[PDB]
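Have a look at the structure below, then the notes.
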Amino acid sequence: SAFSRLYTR
Amino acid sequence: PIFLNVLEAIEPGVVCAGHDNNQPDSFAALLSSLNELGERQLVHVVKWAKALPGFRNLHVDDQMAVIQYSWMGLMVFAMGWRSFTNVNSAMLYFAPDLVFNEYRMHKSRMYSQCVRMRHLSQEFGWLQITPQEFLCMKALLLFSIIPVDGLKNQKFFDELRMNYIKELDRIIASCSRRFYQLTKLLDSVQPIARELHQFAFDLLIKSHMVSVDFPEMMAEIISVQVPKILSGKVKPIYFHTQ
Ligand SMILES: CC(C)(O)C(=O)Nc1ccc([N+](=O)[O-])c(C(F)(F)F)c1
């Protein structure tokens, strides 16, 4: 997900 | 004051929408700007939440879930405070470049929600909410909406919510009367966030018909997470009934 990609940065 | 020191230190700064104010207002441009501002505010909410006392104790999937479910209420409550602090609630201060007078409230097709947000803003004044109460109440809003089927580690969420409630009791400490006032105000956020979720959802479904742009993360969250709230699978935690 785009959110999870952002979060896991 | 270690806890409050941290909340002050992590509080986001100013976030702009990028709206073109040097053009007559239109529904499509106002809403495309609100959507862009919502994406930029979500990035700041992530950085803020990750830095909260105890938040990293939650399961990572629960950290992500609670941010996505609570984002709209967090944004409503912070915008109501900016509106009170910057313009004495005379307009809705979404951003320094996105300030809604009543005409814009009407033009946005979100008029009822906006009036309810202006009322919330006024309450900050009426109830003499302190900046420290504001910061503790906003943090508690992160921990105020969850799935009926349970979080991955629900017990760790319950403990962290309880600790935030304890910090609010310590800030208040006549204590009961104030607790009643603040929890009524917190509960009032939830129906406004409910109505904004409904509007956002409906707008996404018709967005091609009305020329409104949604950024990728906004379109994902409104299509994947928001409908869990609208369909009653994810529910607020109310203090009063409700
Ligand atoms: C329409 C939708 C999804 O863009 C939206 O509700 N955007 C939005 C953006 C920013 C903010 N804000 O707090 O500054 C808010 C709101 F929380 F006030 F309502 C909504």
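Residue numbers start at 1 in each chain; chains themselves are named A, B, ... in the order of the structure tokens; ligands are numbered from 1 in the order shown.
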What residues in chain A lie within 9 Å of chain B, counting only C-alpha atoms, written as a VMD selection string? chain A and resid 1 to 4 6 to 7
Residues of the last selection are to be written out with N, CA, C and O atoms, as a PDB file, in the first residue's frame.
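Wrote it out as again.pdb, contents follow:
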ATOM      1  N   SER A   1       0.829  -1.212   0.000  1.00  0.00           N
ATOM      2  CA  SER A   1       0.000   0.000   0.000  1.00  0.00           C
ATOM      3  C   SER A   1       0.868   1.268   0.000  1.00  0.00           C
ATOM      4  O   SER A   1       2.010   1.250   0.536  1.00  0.00           O
ATOM      5  N   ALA A   2       0.398   2.359  -0.591  1.00  0.00           N
ATOM      6  CA  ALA A   2       1.123   3.612  -0.585  1.00  0.00           C
ATOM      7  C   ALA A   2       1.334   4.132   0.858  1.00  0.00           C
ATOM      8  O   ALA A   2       2.404   4.648   1.184  1.00  0.00           O
ATOM      9  N   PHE A   3       0.314   4.003   1.725  1.00  0.00           N
ATOM     10  CA  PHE A   3       0.520   4.407   3.095  1.00  0.00           C
ATOM     11  C   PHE A   3       1.605   3.599   3.791  1.00  0.00           C
ATOM     12  O   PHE A   3       2.450   4.143   4.495  1.00  0.00           O
ATOM     13  N   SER A   4       1.582   2.301   3.611  1.00  0.00           N
ATOM     14  CA  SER A   4       2.555   1.422   4.323  1.00  0.00           C
ATOM     15  C   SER A   4       3.963   1.663   3.789  1.00  0.00           C
ATOM     16  O   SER A   4       4.930   1.681   4.558  1.00  0.00           O
ATOM     17  N   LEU A   6       5.050   4.605   2.742  1.00  0.00           N
ATOM     18  CA  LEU A   6       5.406   5.837   3.444  1.00  0.00           C
ATOM     19  C   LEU A   6       5.816   5.547   4.920  1.00  0.00           C
ATOM     20  O   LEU A   6       6.854   6.004   5.432  1.00  0.00           O
ATOM     21  N   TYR A   7       5.014   4.736   5.587  1.00  0.00           N
ATOM     22  CA  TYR A   7       5.214   4.458   7.032  1.00  0.00           C
ATOM     23  C   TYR A   7       6.510   3.744   7.303  1.00  0.00           C
ATOM     24  O   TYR A   7       7.183   4.090   8.229  1.00  0.00           O
TER      25      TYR A   7
END
Sorted by chain and rising residue number, which residues of chain B lie within 6 Å of ligand 1, and what are their closest atom pairs and distances in Å to one decimal, counting only C-alpha atoms and all ligand atoms, as a tab-separated table?
residue	atom	partner	partner_atom_place_in_ligand_line	distance
B:34	CA	ligand 1	4 (O)	4.1
B:35	CA	ligand 1	4 (O)	3.4
B:37	CA	ligand 1	9 (C)	5.2
B:38	CA	ligand 1	9 (C)	3.9
B:72	CA	ligand 1	17 (F)	5.3
B:75	CA	ligand 1	13 (O)	3.6
B:76	CA	ligand 1	17 (F)	3.4
B:79	CA	ligand 1	13 (O)	4.5
B:94	CA	ligand 1	14 (O)	3.9
B:196	CA	ligand 1	6 (O)	5.7
B:200	CA	ligand 1	3 (C)	4.9
Would you save the residues of that selection, restricted to N, CA, C and O atoms, as a short mmCIF file (atom, residue, chain, number, x, y, z; two decimals), in the first residue's frame?
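Ended up saving to out_7.cif:
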data_model
loop_
_atom_site.label_atom_id
_atom_site.label_comp_id
_atom_site.auth_asym_id
_atom_site.auth_seq_id
_atom_site.Cartn_x
_atom_site.Cartn_y
_atom_site.Cartn_z
N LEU B 34 -8.14 20.98 -0.97
CA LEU B 34 -8.39 20.28 0.30
C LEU B 34 -7.82 18.91 0.23
O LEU B 34 -7.27 18.40 1.24
N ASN B 35 -7.92 18.21 -0.89
CA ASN B 35 -7.36 16.87 -1.03
C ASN B 35 -5.86 16.88 -0.97
O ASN B 35 -5.23 16.03 -0.29
N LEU B 37 -4.01 19.22 0.51
CA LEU B 37 -3.71 19.57 1.92
C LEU B 37 -3.89 18.37 2.81
O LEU B 37 -3.07 18.13 3.74
N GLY B 38 -4.90 17.55 2.59
CA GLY B 38 -5.12 16.31 3.39
C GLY B 38 -3.96 15.39 3.21
O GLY B 38 -3.51 14.83 4.24
N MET B 72 -8.76 11.84 10.08
CA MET B 72 -9.75 12.91 9.81
C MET B 72 -10.10 13.63 11.15
O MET B 72 -10.12 14.86 11.19
N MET B 75 -7.28 15.84 12.17
CA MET B 75 -7.22 17.05 11.35
C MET B 75 -8.29 18.01 11.68
O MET B 75 -8.05 19.23 11.73
N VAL B 76 -9.53 17.56 11.94
CA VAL B 76 -10.63 18.43 12.34
C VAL B 76 -10.30 19.19 13.61
O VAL B 76 -10.48 20.40 13.73
N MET B 79 -7.54 21.75 13.09
CA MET B 79 -7.99 22.90 12.29
C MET B 79 -8.87 23.75 13.14
O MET B 79 -8.78 25.03 13.06
N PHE B 94 -7.99 26.23 7.39
CA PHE B 94 -7.43 24.99 6.96
C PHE B 94 -5.92 25.06 6.82
O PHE B 94 -5.18 24.15 7.17
N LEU B 196 -17.54 14.09 7.37
CA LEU B 196 -16.43 14.36 6.41
C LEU B 196 -16.00 13.09 5.70
O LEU B 196 -15.73 13.17 4.51
N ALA B 200 -16.17 12.73 1.70
CA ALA B 200 -14.94 12.39 0.99
C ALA B 200 -15.12 11.15 0.11
O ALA B 200 -14.66 11.08 -0.98
#
Quick one: everything within 10 Å of stretch 14-26 of chain B, counting only C-alpha atoms, minus sequence neighbours fewer than 2 positions away in the same chain. Send it as a ChimeraX atom specification. /B:11-12,28-41,44,94-99,103-104,107-108
Based on the selection just made, write N, CA and C atoms of those residues as a PDB file, in the first residue's frame.
ATOM      1  N   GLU B  11       4.959  18.758  17.938  1.00  0.00           N
ATOM      2  CA  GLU B  11       3.782  19.348  17.286  1.00  0.00           C
ATOM      3  C   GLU B  11       4.133  19.824  15.875  1.00  0.00           C
ATOM      4  N   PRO B  12       3.359  19.426  14.854  1.00  0.00           N
ATOM      5  CA  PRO B  12       3.714  19.934  13.521  1.00  0.00           C
ATOM      6  C   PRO B  12       3.673  21.434  13.416  1.00  0.00           C
ATOM      7  N   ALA B  28     -14.266  22.683  -7.867  1.00  0.00           N
ATOM      8  CA  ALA B  28     -13.276  21.671  -8.225  1.00  0.00           C
ATOM      9  C   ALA B  28     -11.924  22.116  -7.692  1.00  0.00           C
ATOM     10  N   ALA B  29     -11.606  23.402  -7.774  1.00  0.00           N
ATOM     11  CA  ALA B  29     -10.292  23.836  -7.310  1.00  0.00           C
ATOM     12  C   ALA B  29     -10.222  23.848  -5.785  1.00  0.00           C
ATOM     13  N   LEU B  30     -11.260  24.242  -5.108  1.00  0.00           N
ATOM     14  CA  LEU B  30     -11.284  24.209  -3.635  1.00  0.00           C
ATOM     15  C   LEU B  30     -11.092  22.785  -3.149  1.00  0.00           C
ATOM     16  N   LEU B  31     -11.775  21.821  -3.753  1.00  0.00           N
ATOM     17  CA  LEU B  31     -11.739  20.457  -3.241  1.00  0.00           C
ATOM     18  C   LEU B  31     -10.459  19.788  -3.639  1.00  0.00           C
ATOM     19  N   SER B  32      -9.934  20.098  -4.811  1.00  0.00           N
ATOM     20  CA  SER B  32      -8.608  19.547  -5.211  1.00  0.00           C
ATOM     21  C   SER B  32      -7.545  20.059  -4.204  1.00  0.00           C
ATOM     22  N   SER B  33      -7.648  21.320  -3.774  1.00  0.00           N
ATOM     23  CA  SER B  33      -6.714  21.851  -2.746  1.00  0.00           C
ATOM     24  C   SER B  33      -6.898  21.207  -1.398  1.00  0.00           C
ATOM     25  N   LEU B  34      -8.139  20.976  -0.972  1.00  0.00           N
ATOM     26  CA  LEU B  34      -8.393  20.281   0.301  1.00  0.00           C
ATOM     27  C   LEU B  34      -7.816  18.906   0.232  1.00  0.00           C
ATOM     28  N   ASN B  35      -7.915  18.210  -0.886  1.00  0.00           N
ATOM     29  CA  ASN B  35      -7.362  16.874  -1.027  1.00  0.00           C
ATOM     30  C   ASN B  35      -5.859  16.885  -0.968  1.00  0.00           C
ATOM     31  N   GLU B  36      -5.207  17.832  -1.625  1.00  0.00           N
ATOM     32  CA  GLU B  36      -3.743  17.972  -1.558  1.00  0.00           C
ATOM     33  C   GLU B  36      -3.313  18.305  -0.132  1.00  0.00           C
ATOM     34  N   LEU B  37      -4.006  19.222   0.505  1.00  0.00           N
ATOM     35  CA  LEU B  37      -3.706  19.567   1.925  1.00  0.00           C
ATOM     36  C   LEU B  37      -3.885  18.368   2.812  1.00  0.00           C
ATOM     37  N   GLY B  38      -4.903  17.549   2.587  1.00  0.00           N
ATOM     38  CA  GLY B  38      -5.123  16.313   3.391  1.00  0.00           C
ATOM     39  C   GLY B  38      -3.958  15.394   3.207  1.00  0.00           C
ATOM     40  N   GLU B  39      -3.408  15.211   2.060  1.00  0.00           N
ATOM     41  CA  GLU B  39      -2.227  14.348   1.822  1.00  0.00           C
ATOM     42  C   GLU B  39      -1.044  14.947   2.578  1.00  0.00           C
ATOM     43  N   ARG B  40      -0.824  16.252   2.504  1.00  0.00           N
ATOM     44  CA  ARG B  40       0.338  16.846   3.204  1.00  0.00           C
ATOM     45  C   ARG B  40       0.161  16.768   4.675  1.00  0.00           C
ATOM     46  N   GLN B  41      -1.009  16.983   5.248  1.00  0.00           N
ATOM     47  CA  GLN B  41      -1.263  16.807   6.655  1.00  0.00           C
ATOM     48  C   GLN B  41      -1.120  15.361   7.095  1.00  0.00           C
ATOM     49  N   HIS B  44       2.567  14.690   7.803  1.00  0.00           N
ATOM     50  CA  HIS B  44       2.926  15.246   9.117  1.00  0.00           C
ATOM     51  C   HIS B  44       2.329  14.500  10.250  1.00  0.00           C
ATOM     52  N   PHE B  94      -7.988  26.227   7.391  1.00  0.00           N
ATOM     53  CA  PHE B  94      -7.434  24.986   6.959  1.00  0.00           C
ATOM     54  C   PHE B  94      -5.925  25.063   6.823  1.00  0.00           C
ATOM     55  N   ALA B  95      -5.448  26.182   6.229  1.00  0.00           N
ATOM     56  CA  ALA B  95      -4.055  26.430   6.003  1.00  0.00           C
ATOM     57  C   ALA B  95      -3.932  27.935   5.792  1.00  0.00           C
ATOM     58  N   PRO B  96      -2.678  28.470   5.900  1.00  0.00           N
ATOM     59  CA  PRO B  96      -2.571  29.943   5.709  1.00  0.00           C
ATOM     60  C   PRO B  96      -3.038  30.398   4.332  1.00  0.00           C
ATOM     61  N   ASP B  97      -2.939  29.519   3.336  1.00  0.00           N
ATOM     62  CA  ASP B  97      -3.403  29.760   1.957  1.00  0.00           C
ATOM     63  C   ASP B  97      -4.725  29.103   1.636  1.00  0.00           C
ATOM     64  N   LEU B  98      -5.453  28.639   2.647  1.00  0.00           N
ATOM     65  CA  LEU B  98      -6.737  27.990   2.403  1.00  0.00           C
ATOM     66  C   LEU B  98      -7.642  28.315   3.605  1.00  0.00           C
ATOM     67  N   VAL B  99      -8.155  29.518   3.621  1.00  0.00           N
ATOM     68  CA  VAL B  99      -8.958  30.039   4.710  1.00  0.00           C
ATOM     69  C   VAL B  99     -10.389  30.192   4.195  1.00  0.00           C
ATOM     70  N   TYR B 103     -18.905  31.996   2.360  1.00  0.00           N
ATOM     71  CA  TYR B 103     -19.059  31.775   0.952  1.00  0.00           C
ATOM     72  C   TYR B 103     -18.330  30.519   0.475  1.00  0.00           C
ATOM     73  N   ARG B 104     -17.073  30.397   0.913  1.00  0.00           N
ATOM     74  CA  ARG B 104     -16.322  29.149   0.571  1.00  0.00           C
ATOM     75  C   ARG B 104     -16.892  27.899   1.202  1.00  0.00           C
ATOM     76  N   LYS B 107     -19.627  27.097  -1.192  1.00  0.00           N
ATOM     77  CA  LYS B 107     -19.113  26.698  -2.489  1.00  0.00           C
ATOM     78  C   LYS B 107     -18.481  25.296  -2.459  1.00  0.00           C
ATOM     79  N   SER B 108     -17.910  24.929  -1.308  1.00  0.00           N
ATOM     80  CA  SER B 108     -17.328  23.587  -1.149  1.00  0.00           C
ATOM     81  C   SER B 108     -18.300  22.423  -1.097  1.00  0.00           C
TER      82      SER B 108
END
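Going from atom CA of residue B:171 over to atom CA of residue B:145, you cover 22.8 Å.
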In stretch 183-239 of chain B, what's helix (DSSP H, G or I) per DSSP? Answer as a VMD selection string? chain B and resid 183 to 205 207 to 210 216 to 224 226 to 230
Keeping C-alpha atoms, export the residues of the selection given above as a CSV table (one decimal), in the first residue's frame.
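Listing of selection.csv after writing:
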chain,number,residue,atom,x,y,z
B,183,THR,CA,-14.7,14.4,27.1
B,184,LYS,CA,-17.9,15.9,25.8
B,185,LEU,CA,-15.7,18.1,23.4
B,186,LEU,CA,-13.7,15.0,22.4
B,187,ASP,CA,-16.9,13.1,21.6
B,188,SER,CA,-18.1,15.9,19.4
B,189,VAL,CA,-15.3,15.4,17.0
B,190,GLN,CA,-16.5,12.0,16.0
B,191,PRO,CA,-19.8,12.9,14.3
B,192,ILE,CA,-18.0,15.7,12.3
B,193,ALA,CA,-15.3,13.3,11.2
B,194,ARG,CA,-18.1,10.8,10.3
B,195,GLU,CA,-19.8,13.4,8.0
B,196,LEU,CA,-16.4,14.4,6.4
B,197,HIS,CA,-15.7,10.7,5.8
B,198,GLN,CA,-19.1,10.3,4.0
B,199,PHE,CA,-18.5,13.4,1.9
B,200,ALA,CA,-14.9,12.4,1.0
B,201,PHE,CA,-16.1,8.9,0.0
B,202,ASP,CA,-19.0,10.2,-2.1
B,203,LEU,CA,-16.6,12.7,-3.8
B,204,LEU,CA,-14.0,10.0,-4.6
B,205,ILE,CA,-16.7,7.9,-6.2
B,207,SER,CA,-14.5,12.5,-8.8
B,208,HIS,CA,-14.2,12.0,-12.6
B,209,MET,CA,-17.6,13.6,-13.1
B,210,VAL,CA,-16.8,16.7,-11.1
B,216,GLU,CA,-2.7,8.5,-4.6
B,217,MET,CA,-2.6,8.1,-0.7
B,218,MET,CA,-5.9,9.9,-0.3
B,219,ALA,CA,-7.6,7.8,-2.9
B,220,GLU,CA,-6.2,4.6,-1.3
B,221,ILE,CA,-7.2,5.5,2.2
B,222,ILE,CA,-10.7,6.7,1.3
B,223,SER,CA,-11.4,3.5,-0.7
B,224,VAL,CA,-9.7,0.9,1.6
B,226,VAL,CA,-12.7,4.9,5.2
B,227,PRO,CA,-15.5,2.4,4.1
B,228,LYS,CA,-14.7,0.2,7.1
B,229,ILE,CA,-15.7,3.1,9.2
B,230,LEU,CA,-18.8,3.9,7.1
Which residues come within 8 Å of residue B:124, counting only C-alpha atoms, excluding same-chain residues fewer than 6 positions away, as an NGL selection string? :B and (80-81 or 84)
Restricting it to N, CA and C atoms, dump the selection as a CSV table (one decimal), in the first residue's frame.
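Contents of again09.csv, as written:
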chain,number,residue,atom,x,y,z
B,80,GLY,N,-9.7,23.2,14.0
B,80,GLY,CA,-10.6,24.0,14.9
B,80,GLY,C,-9.7,24.8,15.8
B,81,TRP,N,-8.6,24.3,16.3
B,81,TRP,CA,-7.7,25.0,17.2
B,81,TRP,C,-7.0,26.1,16.4
B,84,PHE,N,-9.4,29.0,15.9
B,84,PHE,CA,-9.5,29.8,17.2
B,84,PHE,C,-8.3,30.6,17.4
Figure out the distance between atom CA of residue B:83 and atom CA of residue B:212, please, to one decimal in Å.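 One can read the atom CA of residue B:212 to atom CA of residue B:83 distance as 25.3 Å.
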In Å, rounded to a single decimal, give me how far atom CA of residue B:131 is from atom CA of residue B:85. 9.9 Å
